[PDB]
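Below is one structure, written out as structure tokens, with a few remarks after it.
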Amino acid sequence: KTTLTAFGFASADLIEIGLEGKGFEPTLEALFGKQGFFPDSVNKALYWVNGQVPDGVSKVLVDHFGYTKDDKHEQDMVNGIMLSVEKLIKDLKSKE
């Protein structure tokens, strides 16, 4: 909110923008977290698709989402993404 006082001793709010929300805590936990769609998708993209980001981006990606060097699953990019989509659908339609 923002208010002007220039007409003497009379107050007047310029504009108020009210963004209210509820239920975003479990959504954030399901999106970014241990079993999040984004971390698993980034891990699969970095493991299967060739092309390594520089260290300055690699460290940030490892810290936020997480990267796995060795994987004993031969599921390929398609299964890596469709499992992530499946788990995200469950994370979505399993809460408020």
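Scheme for the structure tokens: letters A, B, ... for chains in order shown; per-chain residue numbers from 1; ligand numbers from 1 in order shown.
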List as a PDB file with N, CA, C and O atoms, in the first residue's frame the protein and nucleic acid residues near residue 4 (chain A), meaning an atom at most 10 Å away when only C-alpha atoms are counted, but skip any in the same chain fewer than 2 places from it.
ATOM      1  N   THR A   2       0.331   2.328  -0.541  1.00  0.00           N
ATOM      2  CA  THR A   2       1.038   3.599  -0.578  1.00  0.00           C
ATOM      3  C   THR A   2       0.061   4.761  -0.443  1.00  0.00           C
ATOM      4  O   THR A   2      -1.023   4.753  -1.031  1.00  0.00           O
ATOM      5  N   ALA A   6      -0.725  15.454   1.215  1.00  0.00           N
ATOM      6  CA  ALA A   6      -0.299  16.751   0.706  1.00  0.00           C
ATOM      7  C   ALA A   6      -1.391  17.807   0.751  1.00  0.00           C
ATOM      8  O   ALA A   6      -1.119  18.956   0.390  1.00  0.00           O
ATOM      9  N   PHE A   7      -2.608  17.474   1.176  1.00  0.00           N
ATOM     10  CA  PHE A   7      -3.727  18.412   1.215  1.00  0.00           C
ATOM     11  C   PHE A   7      -3.916  19.001   2.603  1.00  0.00           C
ATOM     12  O   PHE A   7      -5.037  19.331   3.004  1.00  0.00           O
ATOM     13  N   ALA A  10      -4.919  15.777   5.910  1.00  0.00           N
ATOM     14  CA  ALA A  10      -5.839  14.752   5.445  1.00  0.00           C
ATOM     15  C   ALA A  10      -5.066  13.670   4.705  1.00  0.00           C
ATOM     16  O   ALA A  10      -4.331  13.957   3.754  1.00  0.00           O
ATOM     17  N   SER A  11      -5.237  12.427   5.145  1.00  0.00           N
ATOM     18  CA  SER A  11      -4.536  11.292   4.563  1.00  0.00           C
ATOM     19  C   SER A  11      -5.321  10.717   3.391  1.00  0.00           C
ATOM     20  O   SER A  11      -6.550  10.806   3.335  1.00  0.00           O
ATOM     21  N   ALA A  12      -4.591  10.120   2.450  1.00  0.00           N
ATOM     22  CA  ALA A  12      -5.207   9.512   1.274  1.00  0.00           C
ATOM     23  C   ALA A  12      -4.254   8.459   0.726  1.00  0.00           C
ATOM     24  O   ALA A  12      -3.135   8.785   0.322  1.00  0.00           O
ATOM     25  N   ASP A  13      -4.686   7.203   0.734  1.00  0.00           N
ATOM     26  CA  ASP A  13      -3.886   6.120   0.175  1.00  0.00           C
ATOM     27  C   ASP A  13      -3.875   6.220  -1.347  1.00  0.00           C
ATOM     28  O   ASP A  13      -4.938   6.273  -1.975  1.00  0.00           O
ATOM     29  N   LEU A  14      -2.679   6.246  -1.945  1.00  0.00           N
ATOM     30  CA  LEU A  14      -2.586   6.224  -3.402  1.00  0.00           C
ATOM     31  C   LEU A  14      -3.250   4.976  -3.956  1.00  0.00           C
ATOM     32  O   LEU A  14      -4.245   5.056  -4.684  1.00  0.00           O
ATOM     33  N   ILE A  15      -2.699   3.815  -3.608  1.00  0.00           N
ATOM     34  CA  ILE A  15      -3.166   2.544  -4.136  1.00  0.00           C
ATOM     35  C   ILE A  15      -2.773   1.437  -3.168  1.00  0.00           C
ATOM     36  O   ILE A  15      -1.746   1.505  -2.485  1.00  0.00           O
TER      37      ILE A  15
END
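Within the 7 Å cut-off around residue 37 (chain A), using only C-alpha atoms and omitting residues fewer than 4 positions from it on the same chain, the listed residues are residues 31, 41, 84, 85, 87 and 88 of chain A.
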Take the residues just selected and output them with N, CA and C atoms as a PDB file, in the first residue's frame.
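As written to disk, again-v3.pdb reads:
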ATOM      1  N   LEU A  31       6.736 -29.112  -5.000  1.00  0.00           N
ATOM      2  CA  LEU A  31       7.466 -28.675  -6.183  1.00  0.00           C
ATOM      3  C   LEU A  31       8.967 -28.703  -5.936  1.00  0.00           C
ATOM      4  N   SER A  41      13.482 -33.747 -12.347  1.00  0.00           N
ATOM      5  CA  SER A  41      13.577 -33.423 -13.767  1.00  0.00           C
ATOM      6  C   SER A  41      14.957 -32.882 -14.119  1.00  0.00           C
ATOM      7  N   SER A  84       8.681 -38.234 -13.516  1.00  0.00           N
ATOM      8  CA  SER A  84       8.583 -36.950 -12.831  1.00  0.00           C
ATOM      9  C   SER A  84       7.202 -36.333 -13.014  1.00  0.00           C
ATOM     10  N   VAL A  85       6.644 -36.432 -14.221  1.00  0.00           N
ATOM     11  CA  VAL A  85       5.296 -35.925 -14.464  1.00  0.00           C
ATOM     12  C   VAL A  85       4.281 -36.686 -13.620  1.00  0.00           C
ATOM     13  N   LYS A  87       4.812 -38.307 -10.740  1.00  0.00           N
ATOM     14  CA  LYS A  87       4.963 -37.952  -9.335  1.00  0.00           C
ATOM     15  C   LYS A  87       4.462 -36.540  -9.064  1.00  0.00           C
ATOM     16  N   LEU A  88       4.619 -35.623 -10.021  1.00  0.00           N
ATOM     17  CA  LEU A  88       4.095 -34.275  -9.833  1.00  0.00           C
ATOM     18  C   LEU A  88       2.572 -34.265  -9.851  1.00  0.00           C
TER      19      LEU A  88
END
(request) Within 12 Å of residue 86 (chain A), counting only C-alpha atoms, which residues show up once you throw out same-chain ones fewer than 4 positions away? Write them as a list in words, please. (result) residues 35, 36, 37, 40, 41, 79, 80, 81, 82, 90, 91, 92 and 93 of chain A
Let's have the selection written as a PDB file, in the first residue's frame, with C-alpha atoms.
ATOM      1  CA  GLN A  35      10.566 -35.601  -3.966  1.00  0.00           C
ATOM      2  CA  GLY A  36       9.955 -32.559  -6.128  1.00  0.00           C
ATOM      3  CA  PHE A  37       9.202 -32.535  -9.831  1.00  0.00           C
ATOM      4  CA  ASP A  40      14.116 -34.968 -10.324  1.00  0.00           C
ATOM      5  CA  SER A  41      13.577 -33.423 -13.767  1.00  0.00           C
ATOM      6  CA  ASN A  79      11.026 -42.405 -18.536  1.00  0.00           C
ATOM      7  CA  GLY A  80      12.986 -39.904 -16.457  1.00  0.00           C
ATOM      8  CA  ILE A  81      10.535 -37.180 -17.451  1.00  0.00           C
ATOM      9  CA  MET A  82       7.332 -39.232 -17.427  1.00  0.00           C
ATOM     10  CA  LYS A  90       0.294 -37.188  -7.509  1.00  0.00           C
ATOM     11  CA  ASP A  91       1.900 -34.359  -5.511  1.00  0.00           C
ATOM     12  CA  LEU A  92      -0.718 -32.023  -6.995  1.00  0.00           C
ATOM     13  CA  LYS A  93      -3.908 -34.055  -6.540  1.00  0.00           C
TER      14      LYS A  93
END
(request) Would you list, as an MDAnalysis selection string, the residues of chain A that end up in strand (DSSP E or B) under DSSP run on this structure's backbone? (result) chainID A and resid 2:4 12:15
(request) Within 10 Å of region 63-72 of chain A, counting only C-alpha atoms, which residues show up once you throw out same-chain ones fewer than 4 positions away? Write them as a PyMOL selection string, please. (result) chain A and resi 32-34+36-48+57-59
Residues from last step as file, C-alpha atoms, as a CSV table (one decimal), in the first residue's frame:
chain,number,residue,atom,x,y,z
A,32,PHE,CA,10.8,-27.9,-4.6
A,33,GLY,CA,12.0,-30.4,-2.0
A,34,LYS,CA,13.0,-34.0,-1.5
A,36,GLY,CA,10.0,-32.6,-6.1
A,37,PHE,CA,9.2,-32.5,-9.8
A,38,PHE,CA,11.8,-29.9,-10.6
A,39,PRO,CA,14.8,-31.6,-8.8
A,40,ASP,CA,14.1,-35.0,-10.3
A,41,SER,CA,13.6,-33.4,-13.8
A,42,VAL,CA,16.8,-31.5,-13.5
A,43,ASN,CA,18.7,-34.6,-12.3
A,44,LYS,CA,17.4,-36.7,-15.2
A,45,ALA,CA,18.1,-33.9,-17.8
A,46,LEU,CA,21.7,-33.6,-16.5
A,47,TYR,CA,22.2,-37.4,-16.3
A,48,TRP,CA,20.8,-38.4,-19.7
A,57,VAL,CA,25.7,-22.9,-12.6
A,58,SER,CA,26.5,-26.5,-11.8
A,59,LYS,CA,27.1,-25.7,-8.1
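Here CA of residue 29 (chain A) stands at a distance of 11.3 Å from CA of residue 95 (chain A).
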(message) I'd like to know which residues of chain A are helix (DSSP H, G or I) (by DSSP, run on the backbone); could you write them as a ChimeraX atom specification?
(response) /A:24-31,37-48,55-64,76-92
Writer output for current selection, C-alpha atoms, as a PDB file, in the first residue's frame:
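Final output, out_2.pdb:
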ATOM      1  CA  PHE A  24       1.106 -22.625  -1.015  1.00  0.00           C
ATOM      2  CA  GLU A  25       3.246 -24.284   1.675  1.00  0.00           C
ATOM      3  CA  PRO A  26       2.479 -27.904   0.633  1.00  0.00           C
ATOM      4  CA  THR A  27       2.622 -26.862  -3.028  1.00  0.00           C
ATOM      5  CA  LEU A  28       6.110 -25.427  -2.524  1.00  0.00           C
ATOM      6  CA  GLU A  29       7.112 -28.556  -0.610  1.00  0.00           C
ATOM      7  CA  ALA A  30       5.837 -30.770  -3.442  1.00  0.00           C
ATOM      8  CA  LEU A  31       7.466 -28.675  -6.183  1.00  0.00           C
ATOM      9  CA  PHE A  37       9.202 -32.535  -9.831  1.00  0.00           C
ATOM     10  CA  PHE A  38      11.840 -29.872 -10.551  1.00  0.00           C
ATOM     11  CA  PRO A  39      14.789 -31.565  -8.755  1.00  0.00           C
ATOM     12  CA  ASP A  40      14.116 -34.968 -10.324  1.00  0.00           C
ATOM     13  CA  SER A  41      13.577 -33.423 -13.767  1.00  0.00           C
ATOM     14  CA  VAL A  42      16.832 -31.450 -13.535  1.00  0.00           C
ATOM     15  CA  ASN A  43      18.684 -34.550 -12.320  1.00  0.00           C
ATOM     16  CA  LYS A  44      17.364 -36.650 -15.212  1.00  0.00           C
ATOM     17  CA  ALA A  45      18.133 -33.921 -17.764  1.00  0.00           C
ATOM     18  CA  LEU A  46      21.704 -33.588 -16.483  1.00  0.00           C
ATOM     19  CA  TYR A  47      22.242 -37.365 -16.338  1.00  0.00           C
ATOM     20  CA  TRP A  48      20.826 -38.391 -19.735  1.00  0.00           C
ATOM     21  CA  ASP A  55      30.723 -24.904 -12.615  1.00  0.00           C
ATOM     22  CA  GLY A  56      29.165 -21.561 -11.673  1.00  0.00           C
ATOM     23  CA  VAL A  57      25.740 -22.924 -12.648  1.00  0.00           C
ATOM     24  CA  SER A  58      26.481 -26.547 -11.764  1.00  0.00           C
ATOM     25  CA  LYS A  59      27.128 -25.710  -8.103  1.00  0.00           C
ATOM     26  CA  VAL A  60      23.882 -23.726  -7.847  1.00  0.00           C
ATOM     27  CA  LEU A  61      21.896 -26.513  -9.516  1.00  0.00           C
ATOM     28  CA  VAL A  62      23.401 -29.125  -7.184  1.00  0.00           C
ATOM     29  CA  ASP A  63      22.679 -26.959  -4.135  1.00  0.00           C
ATOM     30  CA  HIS A  64      19.058 -26.199  -5.104  1.00  0.00           C
ATOM     31  CA  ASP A  76      16.377 -42.870 -20.565  1.00  0.00           C
ATOM     32  CA  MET A  77      15.129 -39.291 -20.874  1.00  0.00           C
ATOM     33  CA  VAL A  78      11.560 -40.359 -21.698  1.00  0.00           C
ATOM     34  CA  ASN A  79      11.026 -42.405 -18.536  1.00  0.00           C
ATOM     35  CA  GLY A  80      12.986 -39.904 -16.457  1.00  0.00           C
ATOM     36  CA  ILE A  81      10.535 -37.180 -17.451  1.00  0.00           C
ATOM     37  CA  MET A  82       7.332 -39.232 -17.427  1.00  0.00           C
ATOM     38  CA  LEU A  83       8.050 -40.560 -13.928  1.00  0.00           C
ATOM     39  CA  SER A  84       8.583 -36.950 -12.831  1.00  0.00           C
ATOM     40  CA  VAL A  85       5.296 -35.925 -14.464  1.00  0.00           C
ATOM     41  CA  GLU A  86       3.528 -38.837 -12.746  1.00  0.00           C
ATOM     42  CA  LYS A  87       4.963 -37.952  -9.335  1.00  0.00           C
ATOM     43  CA  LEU A  88       4.095 -34.275  -9.833  1.00  0.00           C
ATOM     44  CA  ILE A  89       0.502 -35.178 -10.724  1.00  0.00           C
ATOM     45  CA  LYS A  90       0.294 -37.188  -7.509  1.00  0.00           C
ATOM     46  CA  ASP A  91       1.900 -34.359  -5.511  1.00  0.00           C
ATOM     47  CA  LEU A  92      -0.718 -32.023  -6.995  1.00  0.00           C
TER      48      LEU A  92
END
